[PDB]
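Below you will find one chain, with nothing else, as structure tokens; this is the form deposited without its partner chain, and questions on how it binds or moves follow later.
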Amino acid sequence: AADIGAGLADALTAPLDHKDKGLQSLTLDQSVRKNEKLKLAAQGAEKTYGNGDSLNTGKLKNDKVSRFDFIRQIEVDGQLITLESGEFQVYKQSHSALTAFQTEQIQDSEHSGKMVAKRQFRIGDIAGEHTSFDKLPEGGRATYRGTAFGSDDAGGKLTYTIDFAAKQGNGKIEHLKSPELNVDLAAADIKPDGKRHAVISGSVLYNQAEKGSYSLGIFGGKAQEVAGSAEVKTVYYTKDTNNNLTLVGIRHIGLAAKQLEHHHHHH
């Protein structure tokens, strides 16, 4: 099987082992609200999570997308109810990781009691060892290389550069199947968030026009990694009505990159 060596069942069944390659644990917060249940399943194993529980990413492969079946549930006075089902994706780095949901079924709002087929893709948690804004490198520049992944497309390539003297970053997404998702990530400032985490929020561009927004956290004690997401907006227009109406579509992209080791001497 092509998933041999993926460690999916191991992730669902083993306790934390401090000998495993990091990131060892991914705390679930955005991925499962308080009071709900998230059931994951793969390779014959299953485990249910609540808000604050951690996934054992130490058992998964670095720099790849790991895939699990999921069922989102709530228990209401004795009855276990399905809210949503589909594929749960996890992308692991050494100091950071992220999750995402490919929905396939949701609760039906036109015929109550039923599940209905519906495809949608969203980002879950962005997790890891946040770099403090107040302890960043004081100068120089670093280049990060990694992955951009969206709905049915884990092949995108992320390049991103941070100038620590200017406290600014910029980069680009290449090689996604859908051409309008290969956007530039415009120059944007590093700022501290409410927990002093170093975070970058800016615009995305396509042939020089503004087409949405992105956010990246910086991770690791020495700013080794970036992780976060982008949102690409597309406007759709009527062609067959006298009334000119629009509809806006949003497509989400998960983002993760790392600095590469460079050839060096010890003398």
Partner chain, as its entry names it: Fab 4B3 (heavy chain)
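Numbering follows the first chain given and starts at 1.
One more form of this protein exists, namely the form deposited with its partner chain bound; it is left out here, but the text below deals with it.
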Do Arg145 and its partner chain share at least one heavy atom pair within 4.5 Å in the deposited bound form? no
Contact label in the deposited bound form: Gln168 to its partner chain, heavy atom within 4.5 Å: yes
Every residue of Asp10, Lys59 and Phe68 near its partner chain in the deposited bound form, heavy atom within 4.5 Å: no
Counting only heavy atoms, which residues in 116-134 are within 4.5 Å of its partner chain in the deposited bound form? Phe133, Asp134
